[PDB]
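K.L.:
So here's my_file39.tsv, just TSV, N, CA and C atoms:
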```tsv
chain	number	residue	atom	x	y	z
A	1	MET	N	105.27	-83.58	26.22
A	1	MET	CA	106.47	-82.76	26.14
A	1	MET	C	107.56	-83.45	26.90
A	2	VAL	N	108.78	-83.14	26.57
A	2	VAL	CA	109.88	-83.62	27.34
A	2	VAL	C	110.18	-82.55	28.37
A	3	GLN	N	110.17	-82.93	29.62
A	3	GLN	CA	110.33	-81.98	30.70
A	3	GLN	C	111.70	-81.34	30.73
A	4	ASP	N	111.71	-80.03	30.61
A	4	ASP	CA	112.91	-79.27	30.83
A	4	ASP	C	112.63	-78.19	31.84
A	5	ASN	N	112.63	-78.60	33.08
A	5	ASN	CA	112.42	-77.69	34.17
A	5	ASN	C	113.76	-77.21	34.67
A	6	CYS	N	114.76	-78.12	34.63
A	6	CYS	CA	116.16	-77.81	34.94
A	6	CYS	C	116.33	-77.25	36.33
A	7	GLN	N	115.46	-77.63	37.22
A	7	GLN	CA	115.52	-77.11	38.54
A	7	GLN	C	115.18	-78.17	39.55
A	8	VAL	N	115.87	-78.14	40.64
A	8	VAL	CA	115.64	-79.04	41.73
A	8	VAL	C	115.80	-78.26	43.02
A	9	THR	N	114.94	-78.51	43.96
A	9	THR	CA	115.00	-77.85	45.24
A	9	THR	C	115.71	-78.77	46.23
A	10	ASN	N	116.73	-78.27	46.89
A	10	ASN	CA	117.45	-79.10	47.83
A	10	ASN	C	116.80	-78.97	49.22
A	11	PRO	N	116.74	-80.07	49.99
A	11	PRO	CA	116.12	-80.07	51.33
A	11	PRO	C	116.97	-79.41	52.42
A	12	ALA	N	118.23	-79.18	52.11
A	12	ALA	CA	119.17	-78.65	53.08
A	12	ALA	C	118.95	-77.17	53.34
A	13	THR	N	119.03	-76.37	52.32
A	13	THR	CA	118.89	-74.94	52.45
A	13	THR	C	117.58	-74.41	51.86
A	14	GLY	N	116.88	-75.26	51.12
A	14	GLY	CA	115.63	-74.83	50.50
A	14	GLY	C	115.88	-73.95	49.30
A	15	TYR	N	116.95	-74.22	48.61
A	15	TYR	CA	117.31	-73.47	47.43
A	15	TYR	C	116.97	-74.26	46.20
A	16	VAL	N	116.54	-73.58	45.20
A	16	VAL	CA	116.22	-74.18	43.94
A	16	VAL	C	117.37	-73.88	43.00
A	17	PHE	N	117.90	-74.89	42.39
A	17	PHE	CA	118.96	-74.71	41.44
A	17	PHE	C	118.37	-74.62	40.07
A	18	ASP	N	118.30	-73.43	39.54
A	18	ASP	CA	117.73	-73.19	38.23
A	18	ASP	C	118.84	-73.15	37.20
A	19	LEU	N	118.98	-74.23	36.46
A	19	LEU	CA	120.03	-74.34	35.45
A	19	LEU	C	119.55	-73.72	34.12
A	20	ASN	N	118.41	-73.03	34.18
A	20	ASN	CA	117.83	-72.42	33.01
A	20	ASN	C	118.54	-71.14	32.68
A	21	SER	N	119.25	-70.60	33.67
A	21	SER	CA	120.00	-69.38	33.49
A	21	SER	C	121.24	-69.61	32.61
A	22	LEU	N	121.59	-70.87	32.41
A	22	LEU	CA	122.66	-71.20	31.52
A	22	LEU	C	122.10	-71.63	30.17
A	23	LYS	N	121.45	-72.82	30.12
A	23	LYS	CA	120.84	-73.39	28.87
A	23	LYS	C	121.85	-73.67	27.74
A	24	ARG	N	121.56	-74.71	27.00
A	24	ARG	CA	122.18	-74.93	25.74
A	24	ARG	C	121.62	-73.90	24.75
A	25	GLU	N	122.33	-72.84	24.57
A	25	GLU	CA	121.99	-71.89	23.55
A	25	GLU	C	122.69	-72.34	22.31
A	26	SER	N	123.91	-72.74	22.50
A	26	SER	CA	124.71	-73.32	21.48
A	26	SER	C	125.15	-74.73	21.92
A	27	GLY	N	125.32	-74.88	23.24
A	27	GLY	CA	125.83	-76.10	23.79
A	27	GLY	C	127.29	-75.95	24.06
A	28	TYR	N	127.73	-76.36	25.22
A	28	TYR	CA	129.13	-76.24	25.56
A	28	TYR	C	129.87	-77.34	24.87
A	29	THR	N	130.86	-77.00	24.13
A	29	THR	CA	131.58	-77.99	23.44
A	29	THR	C	133.07	-77.82	23.67
A	30	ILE	N	133.56	-78.63	24.55
A	30	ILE	CA	134.94	-78.60	24.91
A	30	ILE	C	135.72	-79.59	24.07
A	31	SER	N	136.98	-79.34	23.93
A	31	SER	CA	137.82	-80.14	23.10
A	31	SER	C	138.57	-81.16	23.94
A	32	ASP	N	138.53	-82.39	23.51
A	32	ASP	CA	139.32	-83.43	24.12
A	32	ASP	C	140.55	-83.66	23.27
A	33	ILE	N	141.70	-83.60	23.92
A	33	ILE	CA	143.00	-83.64	23.25
A	33	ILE	C	143.23	-84.96	22.46
A	34	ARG	N	142.56	-86.01	22.87
A	34	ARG	CA	142.73	-87.29	22.26
A	34	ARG	C	141.85	-87.46	21.04
A	35	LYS	N	140.63	-87.03	21.15
A	35	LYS	CA	139.65	-87.34	20.13
A	35	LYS	C	139.17	-86.12	19.36
A	36	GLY	N	138.36	-85.32	20.00
A	36	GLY	CA	137.75	-84.20	19.35
A	36	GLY	C	136.85	-83.46	20.29
A	37	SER	N	135.87	-82.81	19.76
A	37	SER	CA	134.98	-82.00	20.56
A	37	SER	C	133.87	-82.84	21.19
A	38	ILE	N	133.34	-82.38	22.28
A	38	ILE	CA	132.17	-82.97	22.87
A	38	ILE	C	131.19	-81.83	23.17
A	39	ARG	N	130.05	-81.88	22.55
A	39	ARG	CA	129.04	-80.85	22.66
A	39	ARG	C	127.93	-81.33	23.58
A	40	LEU	N	127.78	-80.66	24.70
A	40	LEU	CA	126.79	-81.04	25.68
A	40	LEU	C	125.67	-80.01	25.73
A	41	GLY	N	124.47	-80.50	25.70
A	41	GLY	CA	123.32	-79.67	25.80
A	41	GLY	C	122.75	-79.66	27.19
A	42	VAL	N	123.25	-78.78	28.02
A	42	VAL	CA	122.74	-78.64	29.36
A	42	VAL	C	121.37	-77.99	29.32
A	43	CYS	N	120.41	-78.62	29.97
A	43	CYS	CA	119.06	-78.08	30.12
A	43	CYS	C	118.32	-78.00	28.75
A	44	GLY	N	118.85	-78.69	27.77
A	44	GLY	CA	118.29	-78.67	26.46
A	44	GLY	C	119.10	-79.51	25.54
A	45	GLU	N	118.53	-80.57	25.08
A	45	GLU	CA	119.18	-81.52	24.20
A	45	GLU	C	119.62	-80.93	22.86
A	46	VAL	N	120.53	-81.58	22.20
A	46	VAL	CA	120.99	-81.11	20.92
A	46	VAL	C	120.27	-81.84	19.81
A	47	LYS	N	119.61	-81.09	18.97
A	47	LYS	CA	118.85	-81.63	17.86
A	47	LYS	C	119.82	-82.08	16.78
A	48	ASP	N	120.99	-81.46	16.81
A	48	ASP	CA	122.08	-81.70	15.86
A	48	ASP	C	122.45	-83.17	15.78
A	49	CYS	N	122.43	-83.85	16.91
A	49	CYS	CA	122.78	-85.25	16.97
A	49	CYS	C	121.55	-86.12	17.25
A	50	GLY	N	120.39	-85.53	17.11
A	50	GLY	CA	119.16	-86.23	17.39
A	50	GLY	C	118.52	-85.73	18.67
A	51	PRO	N	117.28	-85.22	18.60
A	51	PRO	CA	116.56	-84.70	19.77
A	51	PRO	C	116.49	-85.73	20.88
A	52	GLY	N	116.77	-85.29	22.06
A	52	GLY	CA	116.82	-86.17	23.18
A	52	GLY	C	118.24	-86.41	23.61
A	53	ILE	N	119.16	-86.35	22.68
A	53	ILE	CA	120.55	-86.57	22.98
A	53	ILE	C	121.15	-85.30	23.56
A	54	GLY	N	121.75	-85.41	24.71
A	54	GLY	CA	122.29	-84.24	25.35
A	54	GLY	C	123.76	-84.13	25.14
A	55	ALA	N	124.46	-85.22	25.33
A	55	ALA	CA	125.88	-85.23	25.16
A	55	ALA	C	126.23	-85.88	23.84
A	56	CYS	N	126.85	-85.13	22.99
A	56	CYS	CA	127.21	-85.62	21.69
A	56	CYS	C	128.69	-85.43	21.50
A	57	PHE	N	129.33	-86.41	20.96
A	57	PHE	CA	130.74	-86.39	20.82
A	57	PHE	C	131.10	-86.36	19.35
A	58	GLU	N	132.08	-85.56	19.03
A	58	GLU	CA	132.54	-85.39	17.68
A	58	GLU	C	133.37	-86.59	17.24
A	59	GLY	N	132.67	-87.56	16.74
A	59	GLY	CA	133.26	-88.73	16.17
A	59	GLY	C	132.22	-89.47	15.40
A	60	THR	N	131.79	-88.88	14.28
A	60	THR	CA	130.75	-89.43	13.40
A	60	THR	C	129.33	-89.25	14.02
A	61	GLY	N	129.24	-89.35	15.32
A	61	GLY	CA	127.98	-89.19	16.00
A	61	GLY	C	127.91	-90.07	17.20
A	62	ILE	N	128.93	-90.02	18.03
A	62	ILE	CA	128.94	-90.83	19.23
A	62	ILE	C	128.06	-90.16	20.27
A	63	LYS	N	127.08	-90.87	20.74
A	63	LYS	CA	126.18	-90.34	21.71
A	63	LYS	C	126.63	-90.79	23.07
A	64	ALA	N	127.01	-89.83	23.88
A	64	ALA	CA	127.62	-90.09	25.17
A	64	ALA	C	126.61	-89.90	26.28
A	65	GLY	N	125.36	-89.81	25.91
A	65	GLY	CA	124.34	-89.68	26.89
A	65	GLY	C	123.14	-88.92	26.40
A	66	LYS	N	122.01	-89.47	26.69
A	66	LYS	CA	120.75	-88.88	26.40
A	66	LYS	C	120.45	-87.88	27.51
A	67	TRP	N	119.87	-86.75	27.17
A	67	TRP	CA	119.56	-85.79	28.16
A	67	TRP	C	118.31	-86.24	28.87
A	68	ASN	N	118.43	-86.34	30.14
A	68	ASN	CA	117.37	-86.77	30.98
A	68	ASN	C	117.48	-86.02	32.25
A	69	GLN	N	116.37	-85.75	32.89
A	69	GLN	CA	116.42	-84.99	34.11
A	69	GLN	C	116.85	-85.79	35.31
A	70	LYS	N	118.12	-86.07	35.33
A	70	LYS	CA	118.76	-86.60	36.49
A	70	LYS	C	119.44	-85.45	37.16
A	71	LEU	N	118.66	-84.67	37.84
A	71	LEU	CA	119.16	-83.52	38.53
A	71	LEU	C	119.19	-83.85	39.99
A	72	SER	N	120.33	-84.22	40.46
A	72	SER	CA	120.44	-84.67	41.80
A	72	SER	C	121.36	-83.74	42.57
A	73	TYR	N	120.99	-83.44	43.79
A	73	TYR	CA	121.81	-82.61	44.62
A	73	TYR	C	122.48	-83.44	45.67
A	74	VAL	N	123.74	-83.59	45.52
A	74	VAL	CA	124.55	-84.22	46.50
A	74	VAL	C	125.14	-83.08	47.32
A	75	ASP	N	125.57	-83.36	48.53
A	75	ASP	CA	126.08	-82.36	49.46
A	75	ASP	C	127.13	-81.48	48.81
A	76	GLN	N	126.68	-80.28	48.45
A	76	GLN	CA	127.47	-79.24	47.83
A	76	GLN	C	127.92	-79.58	46.41
A	77	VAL	N	127.30	-80.56	45.79
A	77	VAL	CA	127.68	-80.95	44.45
A	77	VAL	C	126.44	-81.28	43.61
A	78	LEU	N	126.26	-80.55	42.54
A	78	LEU	CA	125.16	-80.75	41.64
A	78	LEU	C	125.54	-81.91	40.70
A	79	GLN	N	124.69	-82.89	40.56
A	79	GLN	CA	124.96	-84.02	39.70
A	79	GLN	C	124.03	-84.05	38.51
A	80	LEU	N	124.61	-84.09	37.33
A	80	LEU	CA	123.88	-84.26	36.09
A	80	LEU	C	124.55	-85.37	35.32
A	81	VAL	N	123.84	-86.45	35.14
A	81	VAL	CA	124.39	-87.58	34.46
A	81	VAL	C	123.61	-87.89	33.19
A	82	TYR	N	124.33	-88.03	32.13
A	82	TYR	CA	123.81	-88.40	30.86
A	82	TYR	C	123.96	-89.89	30.72
A	83	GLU	N	122.86	-90.57	30.65
A	83	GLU	CA	122.86	-92.00	30.55
A	83	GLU	C	122.31	-92.39	29.21
A	84	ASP	N	122.30	-93.68	28.93
A	84	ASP	CA	121.80	-94.21	27.66
A	84	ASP	C	122.51	-93.64	26.45
A	85	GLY	N	123.78	-93.91	26.35
A	85	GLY	CA	124.52	-93.51	25.20
A	85	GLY	C	124.65	-94.67	24.25
A	86	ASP	N	125.76	-94.76	23.58
A	86	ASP	CA	126.05	-95.88	22.70
A	86	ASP	C	126.76	-96.98	23.47
A	87	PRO	N	126.52	-98.26	23.13
A	87	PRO	CA	127.17	-99.40	23.78
A	87	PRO	C	128.64	-99.49	23.39
A	88	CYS	N	129.46	-99.84	24.33
A	88	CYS	CA	130.88	-99.93	24.08
A	88	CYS	C	131.33	-101.36	23.83
A	89	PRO	N	132.28	-101.55	22.90
A	89	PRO	CA	132.80	-102.89	22.52
A	89	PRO	C	133.48	-103.65	23.66
A	90	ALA	N	133.93	-102.91	24.67
A	90	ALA	CA	134.65	-103.46	25.80
A	90	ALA	C	133.84	-104.52	26.55
A	91	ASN	N	132.74	-104.12	27.15
A	91	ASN	CA	131.92	-105.06	27.92
A	91	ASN	C	130.51	-105.15	27.37
A	92	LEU	N	130.22	-104.36	26.35
A	92	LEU	CA	128.89	-104.29	25.70
A	92	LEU	C	127.82	-103.64	26.58
A	93	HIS	N	127.66	-104.15	27.81
A	93	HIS	CA	126.67	-103.64	28.77
A	93	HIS	C	126.99	-102.19	29.13
A	94	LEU	N	128.26	-101.87	29.04
A	94	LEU	CA	128.75	-100.55	29.37
A	94	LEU	C	128.54	-99.64	28.19
A	95	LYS	N	127.94	-98.52	28.43
A	95	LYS	CA	127.65	-97.55	27.42
A	95	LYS	C	128.37	-96.27	27.73
A	96	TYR	N	128.50	-95.41	26.74
A	96	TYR	CA	129.06	-94.09	26.94
A	96	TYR	C	128.14	-93.31	27.88
A	97	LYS	N	128.66	-92.95	29.03
A	97	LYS	CA	127.91	-92.21	30.02
A	97	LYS	C	128.70	-90.99	30.40
A	98	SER	N	128.03	-89.90	30.59
A	98	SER	CA	128.70	-88.68	30.94
A	98	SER	C	128.19	-88.19	32.27
A	99	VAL	N	129.05	-88.13	33.24
A	99	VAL	CA	128.66	-87.65	34.54
A	99	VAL	C	129.40	-86.36	34.85
A	100	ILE	N	128.65	-85.30	34.96
A	100	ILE	CA	129.21	-84.02	35.23
A	100	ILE	C	128.97	-83.69	36.68
A	101	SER	N	130.03	-83.59	37.41
A	101	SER	CA	129.98	-83.29	38.79
A	101	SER	C	130.20	-81.78	38.94
A	102	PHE	N	129.15	-81.07	39.24
A	102	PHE	CA	129.21	-79.63	39.34
A	102	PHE	C	129.64	-79.24	40.74
A	103	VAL	N	130.81	-78.70	40.85
A	103	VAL	CA	131.32	-78.20	42.11
A	103	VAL	C	131.34	-76.68	42.05
A	104	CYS	N	131.07	-76.04	43.15
A	104	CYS	CA	130.90	-74.60	43.15
A	104	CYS	C	132.19	-73.81	43.07
A	105	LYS	N	132.09	-72.72	42.35
A	105	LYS	CA	133.15	-71.78	42.16
A	105	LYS	C	132.50	-70.45	41.77
A	106	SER	N	132.62	-69.48	42.63
A	106	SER	CA	131.89	-68.22	42.52
A	106	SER	C	132.36	-67.29	41.39
A	107	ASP	N	133.58	-67.44	40.92
A	107	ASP	CA	134.08	-66.53	39.87
A	107	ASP	C	133.68	-67.03	38.49
A	108	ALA	N	132.85	-68.05	38.48
A	108	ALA	CA	132.38	-68.62	37.25
A	108	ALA	C	131.22	-67.80	36.70
A	109	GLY	N	130.09	-67.83	37.41
A	109	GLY	CA	128.92	-67.10	36.97
A	109	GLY	C	128.44	-67.60	35.62
A	110	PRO	N	128.20	-66.70	34.66
A	110	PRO	CA	127.71	-67.07	33.33
A	110	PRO	C	128.73	-67.91	32.54
A	111	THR	N	129.97	-67.90	32.96
A	111	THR	CA	130.97	-68.66	32.29
A	111	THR	C	131.61	-69.67	33.25
A	112	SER	N	130.95	-70.78	33.39
A	112	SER	CA	131.43	-71.84	34.23
A	112	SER	C	132.55	-72.60	33.50
A	113	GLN	N	133.54	-73.04	34.24
A	113	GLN	CA	134.69	-73.68	33.63
A	113	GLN	C	134.67	-75.20	33.85
A	114	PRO	N	134.76	-75.97	32.77
A	114	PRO	CA	134.81	-77.42	32.82
A	114	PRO	C	136.23	-77.93	33.11
A	115	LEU	N	136.31	-79.15	33.57
A	115	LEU	CA	137.57	-79.80	33.87
A	115	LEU	C	137.42	-81.29	33.62
A	116	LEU	N	138.33	-81.87	32.89
A	116	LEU	CA	138.29	-83.29	32.64
A	116	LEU	C	139.00	-84.03	33.76
A	117	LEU	N	138.26	-84.83	34.49
A	117	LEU	CA	138.83	-85.57	35.59
A	117	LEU	C	139.44	-86.87	35.09
A	118	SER	N	138.66	-87.64	34.35
A	118	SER	CA	139.11	-88.92	33.88
A	118	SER	C	138.14	-89.42	32.81
A	119	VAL	N	138.69	-89.99	31.79
A	119	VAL	CA	137.93	-90.66	30.76
A	119	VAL	C	138.21	-92.12	30.90
A	120	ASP	N	137.22	-92.89	31.23
A	120	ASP	CA	137.43	-94.31	31.39
A	120	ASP	C	137.12	-95.01	30.10
A	121	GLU	N	138.11	-95.65	29.53
A	121	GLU	CA	137.96	-96.31	28.23
A	121	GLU	C	137.29	-97.69	28.32
A	122	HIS	N	137.05	-98.17	29.52
A	122	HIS	CA	136.45	-99.49	29.67
A	122	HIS	C	134.97	-99.34	29.84
A	123	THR	N	134.65	-98.49	30.76
A	123	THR	CA	133.32	-98.31	31.22
A	123	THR	C	132.66	-97.15	30.47
A	124	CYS	N	133.46	-96.44	29.66
A	124	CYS	CA	133.02	-95.31	28.82
A	124	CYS	C	132.37	-94.21	29.64
A	125	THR	N	132.76	-94.14	30.88
A	125	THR	CA	132.23	-93.19	31.76
A	125	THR	C	133.13	-91.96	31.75
A	126	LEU	N	132.55	-90.87	31.37
A	126	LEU	CA	133.25	-89.63	31.29
A	126	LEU	C	133.06	-88.87	32.58
A	127	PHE	N	134.14	-88.67	33.31
A	127	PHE	CA	134.10	-87.96	34.57
A	127	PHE	C	134.54	-86.52	34.34
A	128	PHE	N	133.61	-85.61	34.43
A	128	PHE	CA	133.87	-84.21	34.23
A	128	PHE	C	133.49	-83.42	35.45
A	129	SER	N	134.32	-82.48	35.80
A	129	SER	CA	134.06	-81.58	36.86
A	129	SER	C	133.65	-80.28	36.22
A	130	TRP	N	132.66	-79.64	36.76
A	130	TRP	CA	132.21	-78.41	36.21
A	130	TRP	C	132.20	-77.38	37.31
A	131	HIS	N	133.04	-76.40	37.18
A	131	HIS	CA	133.15	-75.36	38.17
A	131	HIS	C	132.16	-74.28	37.85
A	132	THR	N	131.06	-74.29	38.55
A	132	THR	CA	129.99	-73.37	38.32
A	132	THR	C	129.50	-72.83	39.66
A	133	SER	N	128.95	-71.65	39.65
A	133	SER	CA	128.47	-71.03	40.85
A	133	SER	C	127.11	-71.66	41.21
A	134	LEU	N	126.43	-72.15	40.18
A	134	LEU	CA	125.09	-72.75	40.30
A	134	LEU	C	125.13	-74.12	40.97
A	135	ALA	N	126.33	-74.60	41.24
A	135	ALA	CA	126.53	-75.92	41.82
A	135	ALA	C	126.19	-75.94	43.30
A	136	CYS	N	126.40	-74.83	43.95
A	136	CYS	CA	126.10	-74.71	45.35
A	136	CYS	C	125.15	-73.57	45.53
A	137	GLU	N	124.51	-73.54	46.65
A	137	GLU	CA	123.62	-72.49	46.97
A	137	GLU	C	124.38	-71.21	47.20
A	138	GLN	N	124.35	-70.36	46.23
A	138	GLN	CA	124.96	-69.07	46.33
A	138	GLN	C	124.00	-68.18	47.06
A	139	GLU	N	124.51	-67.29	47.85
A	139	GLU	CA	123.66	-66.47	48.69
A	139	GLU	C	123.09	-65.28	47.90
A	140	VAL	N	123.62	-65.07	46.72
A	140	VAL	CA	123.16	-64.03	45.83
A	140	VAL	C	123.04	-64.65	44.46
```
Please rewrite the model in this file as structure tokens.
P.N.:
Amino acid sequence: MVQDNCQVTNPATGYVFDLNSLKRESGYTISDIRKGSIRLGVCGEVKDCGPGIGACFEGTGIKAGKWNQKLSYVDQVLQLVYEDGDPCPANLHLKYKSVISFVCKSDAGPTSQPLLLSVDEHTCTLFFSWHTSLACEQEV
């Protein structure tokens, strides 16, 4: 099976971040003003663009990252990075990578709000901020 535990326990507070409470039911698909939609399968890959692929971009089938359990807890910031996307013509070695930096925001709850920080056209690294309550150890 492909592991979808979507949870990591942090050593700081001893909290488990269960991202299963969100899940790709449909997949969050935000619109990029330049190109098109990007559909991300948090805690569950999108079969639509091929099972295993988590971040899929609306452009024929640009894969911006395979869903993999890179669930890392940085100090007050949940890190989920989609690696192994498609290779970019720029440097070739550089592939479409999606790094979602989850920063906490309590008024989010079931509806966490995304924010585009920067799209790097060289390194194909998509820097997204995700304002979610699940990003930090909420006391409730």
K.L.:
Between A:89, A:99, A:44, A:132, which residue has the minimum interatomic distance to residue 113 in chain A, considering all atoms listed in the file?
P.N.:
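Of A:89, A:99, A:44, A:132, the one nearest residue 113 in chain A is A:132, counting all atoms listed in the file.
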K.L.:
Do you know which residues are at most 6.5 Å from residue 52 in chain A counting only N, CA and C atoms, after dropping those on the same chain fewer than 2 positions away, and could you put them as a list in words?
P.N.:
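In the requested form, the answer reads residues 45, 46, 47, 50, 54, 65, 66 and 67 of chain A.
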K.L.:
Could you state the separation of CA of residue 102 in chain A and CA of residue 133 in chain A in Å, given to one decimal place?
P.N.:
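So the two atoms, CA of residue 102 in chain A and CA of residue 133 in chain A, lie 8.8 Å apart.
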K.L.:
Quick one: pull the distance between CA of residue 39 in chain A and atom N of residue 93 in chain A, Å, one decimal.
P.N.:
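Distance reported for this atom pair: 23.9 Å.
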K.L.:
Using all atoms listed in the file, which of A:15, A:134, A:1, A:125 sits nearest residue 110 in chain A?
P.N.:
A:134
